[PDB]
Structures are given as structure tokens and as C-alpha cells.
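Single chain ahead, by itself, as C-alpha cells, in the form deposited in one PDB entry.
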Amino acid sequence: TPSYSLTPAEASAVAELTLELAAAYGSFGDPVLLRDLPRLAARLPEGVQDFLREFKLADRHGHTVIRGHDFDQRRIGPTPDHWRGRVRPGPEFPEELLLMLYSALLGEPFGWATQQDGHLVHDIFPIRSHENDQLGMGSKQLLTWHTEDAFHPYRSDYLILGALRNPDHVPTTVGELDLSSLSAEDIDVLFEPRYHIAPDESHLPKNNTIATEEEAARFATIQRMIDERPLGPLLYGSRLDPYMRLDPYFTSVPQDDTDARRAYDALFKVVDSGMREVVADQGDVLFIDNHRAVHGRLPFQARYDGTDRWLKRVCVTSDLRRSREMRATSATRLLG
């Protein structure tokens, strides 16, 4: 899997740029910053821009990493106890800006209106009260792998994860599809509309309000999918090198479809066995193609003392206007 290792000169240049922009703009609340993002991203080292452009256009490998960034630990400060109530932007604004620049080289940053106050860059660090069950703000318990929001027609196209700190080198898991491990028979079944993919609870329209025609319409397409339960494929794009959408937990293989069950079981085994540990250590930025890779998290014991692992996360869409029906305005980048 190709990666890019920054020279110390490149790391210094990236660091300087992010400090300059952090001083020049107030916050991501600034509409002008969001406008300026792709032009600003053109100020990144040329080798870096070339590398990500190649990754994007090759449409072959499902993840890549850019390693060796300089993330100033003294400036960044202690890992917070919670995301709620923090001053925004924080002293790690330069790192958030970096990830937004990278998102602009790949597409458009976007978010989910109900998640982390609508912030475009999410925090990933342990929160003591969240210690019980499977999520990003946890630690103690496993996070099995999946395509992000597999059921959703406007799911992320890419995900960008930047490791601000990771003292105990807790890796992330990512897995791709080795198509040669699957029979042509199984591939054809996986390309057919034979599977049901259920939404995560956070997407269910009965989660939110029932007032006004405007918001009802914002969830009408998802409601329709819940009501009609359309069957869909797990593989798509090119038969020779396919995209996938695989969330085992939310996937139903219809009981009577014996061929869909055989093929699904073969697909699951291939992806499960191909899972890899990718460490995103301090200064590493991991890029995940949500159409070619699944991702997961490993459990770890947190210290809750301001020294814990801290990642930042940005979701990327190749086509912001596609999701217009689920966005409250044309300008907003938040769905819901």
C-alpha cells in the first residue's frame, strides 16, 4: 500500500502554513475559509498534492497514509475530557485546518447535523462516561469493521483521520477486497440487488422531530428506504475491480436466498482475513476510500488524564449537491 513520508523540510513547510492560516482565519464558522480551502491546499508541498491526486485518480488502493507531520505537542495541549463545552477553535486549530486542506484536495468536507455540535472536524479521544460500548469516543471495548454508513446514498466517499497523539501506538484496522479470492459466480451474486442494508439508529427519522413539512422532506428518502426495504448490491462499479459497501452488523441476507448467503459468507471471510492494523502514530494522517476499504477500531484502556490518544476526523464527499434534499440550506455542509 503506497504511502508518503514527509522530509523534515516538507513537515516544517506544512506546519508553517497551518499556523499562518490558523492566524488568518477565525474558525470554520468563517464562510470564507470554506470557500478558500482548495486554493489554500495548493500551497501544500507539491509532492504531497501530487501524491494525493494520484491516489484519488488511480481509484485502486483503498487507503493511504502521509507520515511525518510536525504536530507541536506543547502548542496542542492536553487531550480534552470531552468535546462538549470546549472553546472553538482550540489550540489544535492548525491540525484541524490541515485536515480540511486535505479534504479539499479530495472533495468537499461535510458532516452530520446531530453529530458533535455539527463540527466538520470531529474529535476522537476517550470520554470516561462513554466508556461502555462500541463507538469513537470510547476505548475499553472493540469496534468491529465496516464501511461507514453503508446503507446511506450520501455516505462519505473518503475519511481522513489525523493522529494528534497516540502514546501507546494503538493502531486502526483497515481492510480491502482481494477480488482474486472470490469466485466469478459469487462476484456476480454480490453485484445483484439481493441484500438489505439497515440504517444505524442515528439515521432513523423517528430519532428527530415530526414538526413542519420542511424537515419531513429532509428525511423522506431515508423514510422511504425504511418503509420499502429495497434490496441492494454489496459490490458495484467495475466487475474487474469493484467498490464495496459492507457493514456486517446492519446487513441482512434474505433467508431463502441461498446463493446470496453463500456469496456473502465468502465475501465476509475474504475481508475479515484481509484486515490489517495500520498505526496512525503522532503526525500520521490516514486516508480511507469508503468505497474500497472497511475500517474498525481496537479496544484500549484509557488514562483519562489529558495524555490519551487523540485523533481528528473529517468526512469527505465527492458531490455535495447530491445530498441537497437532506441539507437545510444550499450553503450548509451538514446532513440532517
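Quick note: we count residues from 1 along the sequence shown, nothing fancier. Residues that one form lacks are left out of the comparison. Between two forms, the rigid core is the largest collection of C-alphas that superpose within 1.5 Å.
The discussion below concerns the form deposited in another entry, not included here.
- Among the candidates 266, 106, 76, 225, the CA atom that moves 2 angstroms or more between this form and the one not shown after core superposition belongs to 225 alone.
- Distance between the C-alpha atoms of residue 327 and residue 224: shorter in the other entry than here (change of 3 Å or more).
- Relative to this form, in the other entry the C-alpha atoms of residue 228 and residue 327 approach one another by 3 angstroms or more.
- Residue ranges 140 to 143, 217 to 229 are the runs of 3 or more whose C-alphas all shift by 2 angstroms or more between this form and the one not shown once the rigid core is superposed.
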